[PDB]
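To start, the structure under review is shown below, and the notes come after it.
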Amino acid sequence: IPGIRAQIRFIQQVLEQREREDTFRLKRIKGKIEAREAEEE
Amino acid sequence: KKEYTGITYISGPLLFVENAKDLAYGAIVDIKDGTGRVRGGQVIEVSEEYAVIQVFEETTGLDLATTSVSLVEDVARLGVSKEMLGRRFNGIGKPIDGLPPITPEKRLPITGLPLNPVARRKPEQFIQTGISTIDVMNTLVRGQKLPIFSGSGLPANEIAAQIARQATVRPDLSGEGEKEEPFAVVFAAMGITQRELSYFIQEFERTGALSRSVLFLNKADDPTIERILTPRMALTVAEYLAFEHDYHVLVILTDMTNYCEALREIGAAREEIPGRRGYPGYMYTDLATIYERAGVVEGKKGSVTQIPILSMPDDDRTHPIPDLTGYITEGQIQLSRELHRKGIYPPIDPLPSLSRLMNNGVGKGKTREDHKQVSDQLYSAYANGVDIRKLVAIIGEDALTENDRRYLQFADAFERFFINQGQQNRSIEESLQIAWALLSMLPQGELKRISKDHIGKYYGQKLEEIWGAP
Amino acid sequence: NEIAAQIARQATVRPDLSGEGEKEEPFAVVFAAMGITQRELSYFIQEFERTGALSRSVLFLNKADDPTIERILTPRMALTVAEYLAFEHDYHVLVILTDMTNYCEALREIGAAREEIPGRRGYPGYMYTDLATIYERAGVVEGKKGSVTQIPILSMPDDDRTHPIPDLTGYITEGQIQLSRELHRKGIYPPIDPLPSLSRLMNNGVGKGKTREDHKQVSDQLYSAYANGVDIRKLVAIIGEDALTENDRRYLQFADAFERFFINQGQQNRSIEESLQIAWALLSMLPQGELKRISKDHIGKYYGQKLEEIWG
Amino acid sequence: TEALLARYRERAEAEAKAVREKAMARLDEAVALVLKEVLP
Amino acid sequence: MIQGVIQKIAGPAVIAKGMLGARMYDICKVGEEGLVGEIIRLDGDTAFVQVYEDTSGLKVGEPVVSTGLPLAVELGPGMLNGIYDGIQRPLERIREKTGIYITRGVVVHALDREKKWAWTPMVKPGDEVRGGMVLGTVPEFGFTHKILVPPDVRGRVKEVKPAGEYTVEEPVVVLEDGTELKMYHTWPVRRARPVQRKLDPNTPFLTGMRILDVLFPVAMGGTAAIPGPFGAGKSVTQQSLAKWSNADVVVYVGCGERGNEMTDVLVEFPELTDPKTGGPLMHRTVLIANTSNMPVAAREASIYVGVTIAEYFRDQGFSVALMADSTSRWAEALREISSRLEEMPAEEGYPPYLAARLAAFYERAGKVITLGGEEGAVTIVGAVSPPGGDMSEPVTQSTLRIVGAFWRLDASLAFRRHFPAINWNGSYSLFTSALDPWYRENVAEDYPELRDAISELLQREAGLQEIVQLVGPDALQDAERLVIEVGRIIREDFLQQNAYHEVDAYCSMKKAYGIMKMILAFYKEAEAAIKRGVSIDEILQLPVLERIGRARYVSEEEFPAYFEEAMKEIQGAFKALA
Amino acid sequence: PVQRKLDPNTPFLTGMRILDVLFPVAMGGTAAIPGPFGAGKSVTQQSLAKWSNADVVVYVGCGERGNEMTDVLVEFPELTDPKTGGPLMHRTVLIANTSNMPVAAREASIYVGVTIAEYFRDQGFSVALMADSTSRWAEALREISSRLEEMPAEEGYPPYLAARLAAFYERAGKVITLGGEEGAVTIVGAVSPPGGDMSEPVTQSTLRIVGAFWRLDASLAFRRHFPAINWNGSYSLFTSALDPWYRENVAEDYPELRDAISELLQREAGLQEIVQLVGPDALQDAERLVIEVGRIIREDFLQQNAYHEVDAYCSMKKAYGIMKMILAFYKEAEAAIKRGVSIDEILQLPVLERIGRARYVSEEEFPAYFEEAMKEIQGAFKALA
Amino acid sequence: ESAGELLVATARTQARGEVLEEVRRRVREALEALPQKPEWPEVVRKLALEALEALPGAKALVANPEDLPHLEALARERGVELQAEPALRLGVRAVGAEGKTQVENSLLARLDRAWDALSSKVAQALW
Ligand SMILES: Nc1ncnc2c1ncn2[C@@H]1O[C@H](COP(=O)(O)OP(=O)(O)OP(=O)(O)O)[C@@H](O)[C@H]1O
Ligand SMILES: Nc1ncnc2c1ncn2[C@@H]1O[C@H](COP(=O)(O)OP(=O)(O)O)[C@@H](O)[C@H]1O
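Dropping the structure here:
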């Protein structure tokens with residue numbers, strides 16, 4: 169039981185990290201789009 | 005009337021129109037092209053320089069030289085009347101049964117105003133659904149929000165149709181009551197296929213349940229904004245009926261997973277950063293605005309009861325959709341894949357199910373005074389039976405005591421007779437009689453959770469009362 | 161690298177078995193290196209010199225201290241040369257690509273520099289198309305004698321088969337040979353794990369008139385028996401070996417003997433006949449009624465002979 | 081029975097004809113009202 | 001007042017131009033209907049206002065007006081017996097003037113502007129007044145409301161109105177500066193109200209429940225947490241706390257509850273009776289109500305509104321009990337708000353400043369010396385409902401890091417008809433040692449040792465569960481069956497407390513001391529008798545068992561005679577036994 | 194455009210026992226088959242192309258290998274149409290856009306295939322459409338969206354992916370043509386999730402619109418057990434509607450036999466949980482019999498060889514006979530163990546090998562084999578008494 | 061059973077639909093009869109005036125060449141220009157100053173946009 173529980177927690181951490189990275193990428197690209205639209209039209 | 009021709013950008017589901025500051029936010033517009041075809045669209049952003057319009061359907065024939073945009077309505081509204089009973093609509097109020105359109109008594113905004121918390125009252129009356137595992141152990145109370153959790157291959161549509169066909173009130177059990185209290189069913193289906201649409205139409209028309217029902221049907225290939233709009237229109241009609249004509253309406257929402265996916269797509273199309281696991285951050289508030297439109301109001305005789313239906317994406321209750329539906333609704337009814345594969349219909353599993361308002365709709369003056377204790381005894385006995393069934397696979401039958409063998413037989417009989425009722429419609433008295441007949445298999449005195457008077461009054465009936473004609 | 165060198169050293173067709181035109185044309189080798197270290201490069205060069213195969217080889221060398229972006233061009237140049245040779249001079253060309261992992265790293269560098277939409281773990285979205293433009297240049301063409309055969313080599317990062325690079329490569333290519341660290345740690349060479357491996361074109365080149373009539377059924381029976389042995393290996397880790405039945409003991413012994421005699425051969429060149437003989441010797445351990453995949457004719461023809469007649 | 085269904089069909093036909101005549105009794109007034117309201 | 005026009009509309013976010021001079025986080029009215037919103041970003045001549053209700057139907061060019069003040073509450077007479085939403089809007093008058101729905105853009109006042117109050121001055125012209133002083137008193141039901149000068153007002157009194165009837169609007173005191181002081185004033189909800197000094201946790205918070213008052217006490221001005229498992233009788237314990245605690249004023253906050261649960265709490269309270277006076281309990285409570293479909297900003301500001309009202313009533317010199325129900329729903333609203341602003345999440349999608357907000361809310365509790373020199377305290381009991389009862393949730397992890405006590409309410413005990421259904425193995429309290437001198441000086445000098453002995457008996461009973469699980473209890477020898485039986489006696493006769501009983505609903509500290517003394521004495525005598533060689537079944541049928549068992553149901557004033565009679569019978573019955 | 198849609202009441206006979214029996218698909222229905230690389234999607238689709246009872250077959254190779262198209266082109270002309278008797282290639286249309294072909298044509302190939310299928314349906318035939326991979330279509334959409342610099346959703350896919358998939362899949366169905374005829378289109382689409390992760394957005398979107406779901410297992414593919422269908426994860430919503438056709442064309446008790454087989458499989462799956470904990474030898478004899486019958490069903494009924502000369506195709510009556518034999522043997526064994534006959538002796542009964550090898554019997558030799566095997570089943574247990 | 065009642069109800073609904081659509085046809089015939097009567101100049105002038113009031117920054121007035129002489133009085137009054145166009149009859153369209161926006165006041169458009177509200181009222185008038 170403790171081993172499987174630790175594995176589950178590890179997998180949860182990995183998935184959450186990947187989600188955070190995806191959110192960061194999306195924020196960056198949205199910032200690029202907004203900046204280009206508001207600066208160069 | 006007044007048209008705008010300054011289109012400057014068309015890409016995907018969006019187009020930009022210049023000099024359109026007269027368009028209100030959220031307004032509904034019509035888009036016409038060179039060929040004369042008209043498409044629908046909704047305004048999603050208005051500025052001094054241009055307005056952004058999210059176009060329904062597809063943008064195949066559009067061009068920047070000949071397209072024109074005209075206003076339809078400042079705020080999305082629906083025309084309602086008591087003549088809507090017996091009619092079918094496409095999800096944005098357009099009739100699809102071939103009958104002439106209705107003449108509205110009034111036009112109401114599809115988005116609803118929140119109910120005042122001081123105007124509500126406590127739910128205190130039940131609804132007979134005709135299914136024993138719901139009426140006895142997970143009783144549905146007027147004004148409750150009781151969702152159904154199902155899987156990918158489970159027959160949730162059949163259960164929805166059966167409940168819509170069999171649901172009724174029991175005024176005679178509530179003292180004398182009034183023999184005439186209107187009842188209606190509002191059915192909303194989101195993202196269904198042609199096969200499911202045909203099945204629902206056939207089921208509603210073959211038994212006369214259409215005459216008291218209003219159907220909002222939205223197909224899988226229809227635009228997603230219509231899928232967003234469908235439950236709100238259904239609930240608008242339900243609220244109008246219930247709180248202006250004292251109807252007892254029952255609302256069934258066929259698949260909320262489709263609604264959540266459509267909401268996610270709409271949010272992504274408007275460039276919004278997603279929240280947990282890709283779903284919108286405001287998903288909880290949106291689901292709350294949908295679910296919280298049911299209940300009973302002080303000083304009114306009508307009521308609204310909701311039964312959302314949703315398929316768990318991977319049979320996982322940790323998923324955002326079931327988890328957030330749990331926070332807002334009172335209990336759940338969960339289907340079992342094992343029961344379905346064993347040939348039992350409806351495959352409702354009593355152990356993971358729960359109704360949080362059950363204790364207020366049962367007792368004396370409603371159903372019967374033995375209801376709660378019988379339900380508790382059935383629950384405990386079934387749990388013991390399944391545990392003994394798991395143990396006997398290893399330790400064998402002969403090593404068990406007599407009580408354990410009796411419990412195992414009780415569990416088998418319970419699965420065969422109480423759950424597996426088929427398409428049969430059972431009144432609450434029939435279900436209670438079957439429950440007592442099953443409990444009679446266990447010896448008297450093993451029934452800890454039932455008072456002695458009830459046992460004396462009801463214990464001792466044989467299973468042949470139902471086995472003769474199950 | 162050792163397995164690739166051994167395959168290049170020992171590869172040969174068998175015209176006598178298939179009845180084709182008995183000819184002894186040697187393979188031409190095209191060797192493309194991407195981010196190779198000095199140790200591996202020296203090993204490969206010394207091996208080729210020892211076998212005397214450099215006179216038939218074209219080498220494109222991109223060492224680990226060379227610029228990274230050059231790796232975008234190396235596989236394409238190697239495959240251009242291979243296609244030219246094979247389909248204009250009737251050569252049979254064998255192509256070895258040292259590490260597609262470094263190629264994917266360079267691809268990701270360029271993609272991130274260009275602000276592309278990533279796939280999984282930051283790799284660009286067009287990586288599938290880019291890899292397909294390289295792998296799909298092999299094959300045979302009707303009306304021509306030449307051919308191009310590819311043996312790409314790649315390192316799974318954490319021995320994770322679900323990493324994007326091995327995943328896309330498996331989705332594009334026509335099989336894979338997967339190595340096992342567990343077999344390697346036990347001293348078995350080559351440490352080829354048969355269960356995760358696959359050859360999609362196997363049915364085209366085996367059977368009666370090509371190698372032998374019992375080839376496919378023997379392969380299937382070996383696969384089923386090895387899977388059963390591995391499952392019993394899992395079981396004994398829980399219920400102990402003394403609690404086994406006799407059938408499970410037989411399967412366990414078969415799995416051990418398989419890993420120690422069929423997989424483990426070392427640096428020796430086995431003909432297909434020898435391999436089939438060893439496989440039949442291993443299958444003879446099981447009772448005759450357990451060989452469900454094999455027809456009774458072949459069982460009557462080949463079953464019975466013992467392993468000691470080969471070694472010991 | 082089929083006789084009852086035939087009776088229901090005949091009753092529906094007769095009532096539809098009566099309703100049609102009743103509507104014809106006020107078509108002019110309805111048209112005049114619609115024209116009056118539609119005009120500025 | 002800064003006045004501008006709408007420039008862009010996109011969802012609840014509205015960009016207004018011409019708003020130069022507007023201040024951050026000020027409340028603004030958007031559109032012709034006057035929808036309220038907050039300024040969240042200033043840029044050049046523009047302002048970013050985010051609206052509470054929906055913005056469908058608005059048009060570019062509609063006026064936007066700024067009030068110039070942040071979110072604030074009105075503090076004054078007329079708050080008791082009232083029901084409010086998350087931003088202090090009286091729901092009853094909204095119902096009167098609107099119907100059963102809450103239409104957008106409704107305007108009501110938190111304090112009624114028409115009710116007359118009996119003013120009674122306490123100052124004379126020429127007096128010098130400082131923030132926090134008492135200007136006059138007004139009777140509010142059973143209370144005497146003290147009209148306090150706002151904390152930031154200083155000057156000399158010029159004129160005082162004579163005693164009479166006035167609304168909350170007549171200036172009763174005018175200073176030499178010309179400042180007019182009314183019966184009420186406003187205060188921002190996100191700024192704590194000033195005090196002089198914060199005292200130490202020296203006195204207890206008597207809840208009336210034996211288990212909570214004895215085993216896991218909470219100091220007056222402390223904090224506690226409680227889970228929300230279904231069927232565990234949480235609402236009964238909460239309303240028992242409201243009825244029987246030594247708090248003078250109760251503030252109940254529901255931030256995101258279900259509709260029917262809010263209906264239950266709004267219907268039940270107008271029926272409870274205040275034991276001290278016999279009148280309705282609602283006469284000394286304030287209810288803040290929020291369902292799930294109400295605007296997110298109200299759900300986020302509900303707890304701050306509640307704690308500000310509690311701080312005001314503390315400043316008047318009372319003791320206030322604040323109950324926040326389902327702070328998890330508040331955290332959910334905070335997460336949604338942060339998502340709408342596009343902030344990088346931390347842990348399970350919550351904003352990285354969740355712990356800071358929870359600490360800021362919980363740290364306003366404490367016993368203080370008010371600016372007027374009096375004493376007042378605020379106690380906070382916040383309910384936490386994890387997604388599936390998991391204690392690893394960031395909300396629960398951050399909550400348990402700052403609260404002083406944690407009463408783990410359990411559903412398994414409720415299944416076994418043990419009420420209150422509080423698990424004594426998972427609960428803890430950090431206030432016992434600090435409160436020890438008060439116990440020694442106020443109930444008995446021996447009480448802490450007796451409590452430790454009771455806890456030791458419970459722990460020893462819990463330690464034997466493995467053997468009882470593996471082997472039937474009847475197989476155990478005497479020295480272990482005795483401790484099992486005394487633990488059962490403790491559970492049945494001291495821990496349990498029926499809240500529906502006429503006299504058992506409330507229990508004093510000295511009653512608990514007497515019951516514990518009786519139980520300990522019986523255990524000691526039984527141990528001595530066992531060492532003397534008597535059979536345990538002989539002990540199990542002594543007449544003293546019923547005397548101990550019926551100690552719960554005796555009246556409070558009648559208790560000492562019963563206690564001494566049973567103590568005498570403790571020696572009388574055992575000496576007859578061999 | 195069509196005149197009217199119709200309810201499905203006629204099976205699509207794929208020729209594979211497991212798909213035709215446990216998870217049937219109707220004439221106008223839709224099915225999906227996901228799995229990791231190496232599972233056996235392409236072999237299954239080619240088998241459906243070869244052996245199904247459709248009038249016209251349209252094969253779409255969206256973004257896959259060129260050697261597969263070459264194999265089809267070389268083999269199909271030499272095969273025989275099951276019903277017409279002419280060359281198999283005379284009823285087939287191929288659309289090919291291989292991996293190294295231009296990316297933007299992947300989206301077009303699917304539409305071209307479905308339009309041709311709809312045209313042949315309008316002529317009045319029953320058409321089967323095989324889409325080799327919709328994941329390649331999704332990836333092409335993702336690449337184009339990346340070029341457009343759009344806001345992605347989930348794993349970078351454009352937001353309208355689900356709408357596109359629903360629009361594609363809703364073109365199937367049995368209809369009344371505008372000319373008054375009757376035709377149908379059946380769509381079977383393969384899915385290639387990255388890493389075999391079934392939580393991937395394309396697979397989840399496909400779950401919500403198909404009528405049948407055939408999941409493939411990598412664990413079964415590793416041990417060379419084909420068609421490698423995950424029975425626990427697969428389902429079919431057409432089972433109830435096709436019952437009258439089975440009763441009229443196969444046997445009056447066929448649904449009951451299918452239900453019995455499903456119940457046995459579910460019981461075996463339930464017992465395997467205990468088996469994985471304590472081992473088979475800890476169970477009672479009835480549980481051991483259930484386990485052995487489940488293994489027999491897995492190895493002798495669900496298993497089917499796509500390359501064997503006789504096992505490649507299987508009729509409905511052959512599957513019915515095999516199921517009847519298995520059920521009869523199970524009943525006899527249960528009766529024998531109820532009176533104390535040891536299970537460890539039953540497993541060596543000679544008729545087990547006959548039951549196991551009944552698969553390879555020819556389609557026309559089969560009925561005599563079935564009669565002999567049934568009588569031998571009766572004798573093997575009657576001779577014990 | 062209730063099936064005959066269903067037939068009666070659907071026949072009643074179909075008859076009412078026929079009634080309303082015939083009313084609509086008669087109304088459209090009456091409306092299209094207006095241009096052949098001397099009553100059309102006043103209504104078209106009023107519609108054009110309303111359309112010009114709808115666009116405060118209107119620049120040009122556009123209609124079929126028959127009505128331009130009648131609209132000349134408003135053109136000189138309001139200062140807008142006039143240009144012919146084979147647009148819909150029984151209405152006058154205007155073009156805004158920017159050339160992007162455009163209003164239309166066709167009588168059939170008014171009928172289409174008011175029939176939704178008028179149907180409920182004329183249902184009472186018919187019965
Ligand atoms: N302290 C108590 N004294 C007496 N009876 C109690 C006490 N606590 C609980 N009960 C009884 O047990 C029941 C607890 O179950 P119930 O679900 O009704 O609780 P609840 O107070 O509504 O709280 P929750 O919302 O956690 O379920 C109460 O309704 C009451 O009958
Ligand atoms: N029914 C079957 N009979 C025999 N072999 C099969 C069967 N199904 C799959 N295979 C084998 O599995 C391999 C995987 O090939 P394929 O079917 O192309 O898988 P996918 O398209 O899922 O990757 C094939 O080469 C074939 O060897």
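Protein chains in written order, with the UniProt record's numbering: chain Y, 169 to 209; chain C, 5 to 474; chain P, 161 to 472; chain B, 81 to 120; chain D, 1 to 578; chain X, 194 to 578; chain W, 61 to 187.
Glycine included, each C-beta is placed from N, C-alpha and C at the ideal position.
Among the options, the one whose alpha carbon lies nearest that of residue i
i                         : options                                  : result
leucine 287 of chain D    : D:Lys276, D:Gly228 and D:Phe269          : D:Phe269
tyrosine 203 of chain C   : C:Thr39, C:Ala246, C:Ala165 and C:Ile313 : C:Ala165
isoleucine 277 of chain C : X:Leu212, X:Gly366 and X:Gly349          : X:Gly349
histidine 185 of chain D  : D:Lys510, D:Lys161 and D:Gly131          : D:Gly131
Residue i burial status per 10 Å Cβ neighbour count (16 or more: buried)
i                       : result
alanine 578 of chain X  : exposed
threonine 39 of chain C : exposed
residue 612 of chain X  : Not covered by the structure: residue 612 of chain X. The range shown for chain X is 194 to 578.
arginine 440 of chain X : exposed
Opening and closing residue of the beta strand (DSSP E) in which residue i lies
i                        : result
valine 107 of chain D    : Looking at the DSSP string, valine 107 of chain D is not in any beta strand (DSSP E), and its letter there is neither H nor E.
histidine 418 of chain D : Counting along the chain, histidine 418 of chain D falls outside any beta strand (DSSP E), and DSSP gives it neither H nor E.
Closer than 7 Å at the beta carbon, the chain C residues around residue i
i                     : result
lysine 160 of chain W : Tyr8, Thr9, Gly10, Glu22 and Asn23
Proximal residues of chain C, C-beta to C-beta of residue i below 9 Å
i                      : result
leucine 150 of chain W : Near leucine 150 of chain W there are no residues of chain C at all, since even the closest Cβ is about 14 Å away, more than 9 Å.
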